Amino acid sequence: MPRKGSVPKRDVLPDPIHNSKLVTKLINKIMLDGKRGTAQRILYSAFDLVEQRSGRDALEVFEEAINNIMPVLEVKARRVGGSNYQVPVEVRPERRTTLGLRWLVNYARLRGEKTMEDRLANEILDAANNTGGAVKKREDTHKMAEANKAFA
Amino acid sequence: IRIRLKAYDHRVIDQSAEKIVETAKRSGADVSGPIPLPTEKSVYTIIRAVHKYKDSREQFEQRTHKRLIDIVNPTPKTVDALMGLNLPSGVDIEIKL
Amino acid sequence: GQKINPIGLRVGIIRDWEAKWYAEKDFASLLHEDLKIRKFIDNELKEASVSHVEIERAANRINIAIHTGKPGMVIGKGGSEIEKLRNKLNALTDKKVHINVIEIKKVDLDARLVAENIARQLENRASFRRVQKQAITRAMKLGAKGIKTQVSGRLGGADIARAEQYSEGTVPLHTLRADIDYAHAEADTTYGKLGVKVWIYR
Amino acid sequence: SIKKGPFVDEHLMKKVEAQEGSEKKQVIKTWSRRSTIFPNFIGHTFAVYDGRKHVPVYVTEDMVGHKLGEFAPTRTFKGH
Amino acid sequence: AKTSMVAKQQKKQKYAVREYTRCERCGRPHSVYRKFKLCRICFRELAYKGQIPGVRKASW
Amino acid sequence: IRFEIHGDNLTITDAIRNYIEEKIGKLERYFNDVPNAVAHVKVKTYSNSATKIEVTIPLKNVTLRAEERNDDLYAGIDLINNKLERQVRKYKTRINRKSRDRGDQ
Amino acid sequence: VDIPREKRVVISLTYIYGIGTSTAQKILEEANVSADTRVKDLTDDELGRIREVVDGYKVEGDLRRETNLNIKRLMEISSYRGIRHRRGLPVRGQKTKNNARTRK
Amino acid sequence: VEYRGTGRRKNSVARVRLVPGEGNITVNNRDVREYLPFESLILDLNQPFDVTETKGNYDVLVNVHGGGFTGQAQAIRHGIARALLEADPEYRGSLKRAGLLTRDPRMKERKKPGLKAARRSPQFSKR
RNA sequence: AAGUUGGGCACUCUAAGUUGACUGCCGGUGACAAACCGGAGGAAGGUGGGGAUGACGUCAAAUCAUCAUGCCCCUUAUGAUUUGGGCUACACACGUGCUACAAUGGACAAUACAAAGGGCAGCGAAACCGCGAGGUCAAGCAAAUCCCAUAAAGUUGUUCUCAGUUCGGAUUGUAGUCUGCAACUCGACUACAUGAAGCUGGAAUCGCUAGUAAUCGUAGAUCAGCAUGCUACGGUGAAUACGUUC
RNA sequence: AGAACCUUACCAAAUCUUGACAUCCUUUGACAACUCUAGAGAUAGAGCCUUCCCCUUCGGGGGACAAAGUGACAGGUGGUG
């Protein structure tokens with residue numbers, strides 16, 4: 001009921017390996033077409049190469065990489081007609097978590113290698129080193145919402 | 001001995017199972033009582049319209065309620081309920097010996 | 001709207017069957033013998049105040065129960081026409097044993113009679129709104145609770161068909177407790193067919 | 001259409017055995033949609049009724065792989 | 001049109017491939033049920049009227 | 001801007017199939033400046049009274065219906081196109097009130 | 001005949017006309033080849049033992065000679081199976097409305 | 001000592017028992033890692049006896065029936081939860097507040113006619 | 001050998017006849033005005049989930065081809081009876097679906113877990129004989145047991161290496177398999193061949209709020225034979241609703 | 001919710017008009033109730049199971065098959081929702 005009020009948001013189950021809620025939410029977004037096991041195996045083989053190309057354990061590296069993904073301003077369109085109709089609006093903390101996970105996967109699918117064995121882990125170390133393709137569209141949002149700053 | 005009790009209604013197959021379990025214990029029987037077999041239903045899905053319309057239809061179903069009665073003390077007083085035909089309305093009895 | 005008929009909700013829920021037999025093998029052909037003698041009973045009786053029939057079949061002694069709002073007319077003169085019915089009903093099938101008939105009080109509160117006797121008030125072509133009001137006013141006078149009835153097509157003799165219903169009393173068509181009984185007749189007036197529905201309650 | 005009994009119309013095989021003995025006649029009005037072509041049919045001419053007008057055709061020796069009904073057209077296509 | 005086709009059915013055909021089915025009162029052949037031998041129209045009718053034996057309406 | 005034409009018990013000619021697109025077609029082509037739609041023309045003869053013409057053009061938001069109960073299937077479309085051209089102007093001036101001077105705070 | 005190198009032989013003999021997944025079984029029957037034979041296979045003494053089994057087959061190009069004349073025989077008798085070749089008709093009794101594009 | 005509980009979820013019944021010993025499960029008389037497919041949801045399956053901390057206490061040896069692997073699992077953690085309240089009956093609030101002991105809350109939804117499958121209406125062209 | 005057999009274990013499970021969830025029960029400050037908001041109490045909580053049921057009425061809405069009948073028309077035919085065509089035709093144009101355009105895949109080996117429903121000479125096992133579609137008889141049975149029937153996706157291992165390549169398989173000749181008087185118009189598979197478009201799709205547009213979208217296979221009604229449709233079935237299962245201004 | 005034939009309503013052929021169907025019916029002529037021949041094939045020509053049950057006493061009526069008949073009638077997925 002999105003006009004009676006708000007929908008009651010539901011609880012998730014954290015990962016057994018990393019003991020993290022954020023890992024399981026990454027499992028569910030890379031779960032293409034309901035296949036839980038065939039996608040979770042790939043994530044469990046896409047942070048070993050993270051822990052191979054950096055000595056730190058990947059549960060530190062994951063929450064360090066997504067901070068170069070998660071933006072702080074975005075654009076919500078208000079129907080003002082002849083105006084710019086693009087208001088720079090800050091991000092709620094729930095959408096702050098989700099939209100970083102979205103960009104991390106959606107540009108992991110457009111790399112040179114075919115296996116998501118290393119399609120995913122390459123973009124994570126790019127996001128760990130504040131570079132790549134999923135970082136550079138955060139700056140594209142931070143050159144679009146931060147250009148039309150006349151609607152704060 | 002496996003007296004087969006199957007019928008369309010559920011109020012009738014239950015009251016006719018009470019007949020055969022009563023008219024046997026009065027005789028020298030050791031009746032294993034009525035246990036209910038699972039119902040063998042069947043769904044028929046016709047469409048409602050006279051001429052044209054799918055996407056709006058009425059489903060129909062018919063359910064048979066199956067039970068069985070077995071006795072392992074055959075006396076000539078127990079078979080007086082077997083030879084004695086009662087409640088023939090909407091129940092058939094497949095008497096095996 | 002598309003009101004479905006009120007019996008169809010309630011067959012087995014709050015009602016019973018107009019045929020209460022069983023046949024696992026050869027279910028098809030001996031189901032046709034029912035509506036053989038549902039046409040055939042409706043042929044030669046020809047509104048002998050017959051509401052509806054029941055069929056029960058058991059060990060080649062197949063029963064037929066008729067209600068007959070005018071009792072004795074199917075019996076005849078001390079068991080005359082009831083024995084004159086089994087002289088043909090036992091030939092259209094094999095046995096047809098133990099043909100009988102029971103009686104009902106309140107001859108025009110069963111809806112099969114209420115639809116039929118005012119549908120036959122339409123071949124004489126006299127005052128269909130009073131033909132309505134004759135059925136409504138007599139209904140709770142005789143002991144009913146809710147009454148509802150209409151006439152659909154070629155209404156009054158004109159060209160454009162118009163439904164015309166009259167109602168009072170509690171007629172809960174959506175409540176599954178209710179013993180709603182409806183009927184539909186086929187009153188011809190030699191300019192088409194008039195259709196007439198009724199709805200009685202208690 | 002098994003190996004067991006390659007099908008013949010058999011109301012036509014009786015009418016063709018009188019033809020292949022002596023000098024053949026050059027018409028058999030028939031239907032022949034069901035039957036196959038095997039080498040006891042060569043030379044003879046059949047007026048296969050295509051629904052509209054029975055079309056004459058005579059049997060060659062490369063016709064043995066196919067059956068008799070596959071020749072007279074029923075579409076009347078040419079059109080566009 | 002209609003009762004010629006009813007008369008065609010009830011005669012024994014030459015072939016078991018023809019094996020043709022209709023209904024006993026419904027003229028249409030095209031929606032038969034070989035346990036009921038009824039068209040979908042009147043099977044909807046006489047089950048609402050209860051002339052058939054035990055058949056619930058719906059809503060399993 | 002296709003025309004799925006079909007006549008109830010009337011054989012459609014080809015002189016109608018050019019007279020439609022000049023009036024029903026072209027006078028609404030310059031309306032709806034980003035067009036991709038399908039029209040529908042019914043012609044239903046009634047032997048007792050007359051014919052009738054039904055033209056329905058659905059769009060993104062608001063459809064366009066009109067009916068004439070004339071018997072002349074060339075003069076009736078002179079009134080269908082009149083009712084069609086009125087209904088588009090109702091649709092456009094509904095959405096051409098974007099020009100409202102609203103200055104933000 | 002004209003097979004390519006640098007791939008496995010279970011897919012390499014497929015590249016000529018007339019072989020699809022029979023080199024997994026039928027060529028593997030006569031010749032004592034394996035599955036992991038790349039360009040580095042030394043198949044020159046094994047070239048002779050596959051030459052004996054491919055000589056029985058019609059595969060390498062010469063099947064398309066007989067396949068071409070089978071259509072030419074079929075149109076010369078002017079059968080319904082043959083007119084559909086010379087006329088863009090789907091031939092094997094298909095619906096020649098909208099979704100019949102690969103014959104045009 | 002056999003504390004025998006049952007447990008259901010998603011059209012899959014699961015009856016358990018509790019013999020003392022240590023934590024070791026013998027689902028359909030075989031090992032769990034060779035029966036349950038990928039070992040992730042087993043540590044979520046150990047959640048009910050985690051709050052009573054009876055890890056090295058109870059062997060279970062489930063006989064499960066029907067459903068799928070996430071229907072056989074999530075029904076033995078509900079399976080032993082009915083059996084854990086006859087092992088630690090005062091610890092019912094530890095399982096009521098956290099998960100396991102609720103129910104079989106929901107199964108697959110009925111396919112309505114005049115529709116593709118299970119509330120997903122089919123596509124129509126003309127809006 | 002699983003006979004799930006001996007006993008019956010009847011205990012659990014399952015299969016069927018019935019007890020229970022309604023703002024009953026508290027606290028809010030909230031004033032009594034019902035609600036709402038937050039708890040606990042049961043397995044369940046706020047019309048629990050879903051179905052059936054569709055008010056007065058709108059559209060001369062759709063069927064005189066399920067039927068039924070006012071009027072009109074036909075009666076060596078506008079009614080009949082047959083095998084032979086056609087309803088399957090095509091330079092095309094829109095609907096609706098199926099399979100895809102892959103290395104969260106493909107090919108081969110192993111190894112699991114369902115539910116629903118059917119079986120009146122019908123389902124037909126285990127054996128064989130065939131590369132296979134399948135043929136020969138008996139084993140059971142008019143069925144909680146016998147059969148259709150080993151669901152599949154999965155999981156485990158070996159592989160190809162990122163190309164229109166081991167991606168898929170359309171289209172054409174070879175098998176004549178099976179059903180049926182008979183598969184040419186005009187079927188259904190599989191067998192070796194052949195391998196085409198197709199590298200995730202523009203403007204636009206549709207479905208969907210949890211066991212739901214998505215996918216995976218299994219059933220049944222029709223039916224001698226024949227679905228990528230329909231109707232039911234379970235398996236696995238996300239994402240997202242700040243908000244009413246457009 | 002099953003177009004190879006049938007379905008099938010459509011077309012081309014081959015031949016039928018009390019009609020393949022129903023009803024009064026009259027003589028109830030009382031099965032041409034089965035095979036060969038000729039045939040796209042229905043149909044046509046012969047070989048033919050001349051009857052079937054009761055209950056009188058005489059050979060009728062009831063169910064008896066329809067070869068012929070019309071006072072009649074039938075038949076129309078012909079038309080107009």
# chains A, B, ... in the order shown; residues from 1 in each chain; ligands from 1
$ closest_atom_pairs --of "chain E" --to "chain C" --cutoff "8 Å" --atoms "only C-alpha atoms" --output "CSV"
residue,atom,partner,partner_atom,distance
E:24,CA,C:32,CA,7.6
E:34,CA,C:28,CA,7.5
E:35,CA,C:28,CA,5.4
E:36,CA,C:28,CA,4.8
E:37,CA,C:28,CA,6.2
E:47,CA,C:8,CA,7.5
E:48,CA,C:8,CA,4.3
E:49,CA,C:8,CA,6.9
E:50,CA,C:18,CA,5.5
E:51,CA,C:18,CA,5.5
E:52,CA,C:19,CA,6.4
E:53,CA,C:19,CA,5.4
E:54,CA,C:20,CA,7.4
E:56,CA,C:11,CA,7.1
E:57,CA,C:9,CA,6.8
$ interface_residues --of "chain I" --to "chain H" --cutoff "7 Å" --atoms "only C-alpha atoms (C1' of nucleotides)" --output "list in words"
residues 43, 50, 112, 113, 114, 155, 206, 207, 208, 211 and 235 of chain I
$ closest_residue --among "A:8, A:34, A:88, A:16" --to "chain H" --atoms "only C-alpha atoms"
A:16
$ closest_residue --among "C:147, C:64, C:200, C:187" --to "chain I" --atoms "only C-alpha atoms (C1' of nucleotides)"
C:187
$ select_by_dssp --residues "segment 3-44 of chain B" --states "helix (DSSP H, G or I)" --output "ChimeraX atom specification"
/B:10-25
$ residues_around --residues "segment 2-16 of chain F" --least-positions-apart "6" --cutoff "12 Å" --atoms "only C-alpha atoms (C1' of nucleotides)" --output "PyMOL selection string"
(chain F and resi 22-26+29+35-47+51-58+72-75+77) or (chain I and resi 93-94) or (chain J and resi 79-80)
$ residues_around --residues "segment 42-49 of chain H" --least-positions-apart "2" --cutoff "10 Å" --atoms "only C-alpha atoms (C1' of nucleotides)" --output "PyMOL selection string"
(chain A and resi 13-17) or (chain H and resi 23+32-33+36-40+51-55+57-58+73-82+84+88+94-96+98-101)
$ atom_distance --atom1 "atom CA of residue 60 of chain D" --atom2 "atom CA of residue 83 of chain G"
17.3 Å
$ residues_around --residues "residue 19 of chain E" --least-positions-apart "3" --cutoff "10 Å" --atoms "only C-alpha atoms (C1' of nucleotides)" --output "ChimeraX atom specification"
/E:9,12-16 /I:224 /J:6
$ closest_atom_pairs --of "chain D" --to "chain I" --cutoff "7 Å" --atoms "only C-alpha atoms (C1' of nucleotides)" --output "JSON lines"
{"residue": "D:2", "atom": "CA", "partner": "I:176", "partner_atom": "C1'", "distance": 6.2}
{"residue": "D:3", "atom": "CA", "partner": "I:176", "partner_atom": "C1'", "distance": 6.5}
{"residue": "D:33", "atom": "CA", "partner": "I:184", "partner_atom": "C1'", "distance": 6.6}
{"residue": "D:34", "atom": "CA", "partner": "I:182", "partner_atom": "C1'", "distance": 6.1}
{"residue": "D:49", "atom": "CA", "partner": "I:84", "partner_atom": "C1'", "distance": 6.7}
{"residue": "D:50", "atom": "CA", "partner": "I:85", "partner_atom": "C1'", "distance": 6.3}
{"residue": "D:51", "atom": "CA", "partner": "I:85", "partner_atom": "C1'", "distance": 4.2}
{"residue": "D:67", "atom": "CA", "partner": "I:184", "partner_atom": "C1'", "distance": 6.7}
{"residue": "D:69", "atom": "CA", "partner": "I:184", "partner_atom": "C1'", "distance": 4.5}
{"residue": "D:70", "atom": "CA", "partner": "I:184", "partner_atom": "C1'", "distance": 3.8}
{"residue": "D:74", "atom": "CA", "partner": "I:85", "partner_atom": "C1'", "distance": 6.8}
{"residue": "D:75", "atom": "CA", "partner": "I:89", "partner_atom": "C1'", "distance": 6.4}
{"residue": "D:77", "atom": "CA", "partner": "I:89", "partner_atom": "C1'", "distance": 6.8}
{"residue": "D:80", "atom": "CA", "partner": "I:91", "partner_atom": "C1'", "distance": 7.0}
$ closest_atom_pairs --of "chain G" --to "chain D" --cutoff "8 Å" --atoms "only C-alpha atoms" --output "Markdown table"
| residue | atom | partner | partner_atom | distance |
| --- | --- | --- | --- | --- |
| G:77 | CA | D:63 | CA | 7.5 |
| G:78 | CA | D:71 | CA | 7.1 |
| G:79 | CA | D:71 | CA | 5.1 |
| G:80 | CA | D:70 | CA | 5.7 |
| G:81 | CA | D:70 | CA | 7.6 |
$ closest_residue --among "C:161, C:196, C:91, C:85" --to "residue 63 of chain J" --atoms "only C-alpha atoms (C1' of nucleotides)"
C:91
$ interface_residues --of "chain B" --to "chain E" --cutoff "12 Å" --atoms "only C-alpha atoms" --output "VMD selection string"
chain B and resid 7 to 10 12 41 to 51 57 to 65 89 to 91
$ residues_around --residues "segment 93-95 of chain G" --least-positions-apart "5" --cutoff "8 Å" --atoms "only C-alpha atoms (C1' of nucleotides)" --output "PDB file with N, CA, C and O atoms (P, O5', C5', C4', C3', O3' and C1' of nucleotides), in the first residue's frame"
ATOM      1  N   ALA G 100       7.358 -17.436 -42.350  1.00  0.00           N
ATOM      2  CA  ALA G 100       7.940 -18.360 -43.325  1.00  0.00           C
ATOM      3  C   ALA G 100       9.090 -17.678 -44.059  1.00  0.00           C
ATOM      4  O   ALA G 100       9.175 -17.695 -45.287  1.00  0.00           O
TER       5      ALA G 100
ATOM      6  P     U I  88      -6.754 -21.756 -42.451  1.00  0.00           P
ATOM      7  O5'   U I  88      -5.909 -22.967 -43.046  1.00  0.00           O
ATOM      8  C5'   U I  88      -5.064 -22.771 -44.177  1.00  0.00           C
ATOM      9  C4'   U I  88      -3.648 -23.217 -43.922  1.00  0.00           C
ATOM     10  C3'   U I  88      -2.822 -23.440 -45.185  1.00  0.00           C
ATOM     11  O3'   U I  88      -1.471 -23.044 -44.962  1.00  0.00           O
ATOM     12  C1'   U I  88      -2.904 -25.438 -43.934  1.00  0.00           C
ATOM     13  P     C I 186      -0.525 -28.115 -47.816  1.00  0.00           P
ATOM     14  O5'   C I 186      -0.468 -29.351 -46.812  1.00  0.00           O
ATOM     15  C5'   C I 186       0.169 -29.238 -45.545  1.00  0.00           C
ATOM     16  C4'   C I 186      -0.088 -30.441 -44.664  1.00  0.00           C
ATOM     17  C3'   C I 186       0.528 -31.761 -45.134  1.00  0.00           C
ATOM     18  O3'   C I 186       0.900 -32.542 -44.002  1.00  0.00           O
ATOM     19  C1'   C I 186      -1.797 -32.012 -44.921  1.00  0.00           C
TER      20        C I 186
END
$ interface_residues --of "chain J" --to "chain E" --cutoff "12 Å" --atoms "only C-alpha atoms (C1' of nucleotides)" --output "list in words"
residues 1, 2, 4, 5, 6, 7, 8, 9, 19, 20, 21, 22, 41, 42, 74, 75, 76, 77 and 78 of chain J
$ select_by_dssp --residues "chain A" --states "strand (DSSP E)" --output "list in words"
residues 73, 74, 75, 76, 87, 88, 89 and 90 of chain A
$ write_last_selection --atoms "C-alpha atoms" --output "short mmCIF file (atom, residue, chain, number, x, y, z; two decimals), in the first residue's frame"
data_model
loop_
_atom_site.label_atom_id
_atom_site.label_comp_id
_atom_site.auth_asym_id
_atom_site.auth_seq_id
_atom_site.Cartn_x
_atom_site.Cartn_y
_atom_site.Cartn_z
CA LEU A 73 23.47 13.53 -4.30
CA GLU A 74 21.08 12.36 -7.02
CA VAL A 75 18.26 13.78 -9.15
CA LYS A 76 14.55 13.37 -8.45
CA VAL A 87 15.99 18.77 -8.27
CA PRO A 88 19.29 17.67 -6.67
CA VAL A 89 18.14 15.53 -3.73
CA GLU A 90 20.31 13.73 -1.18
#
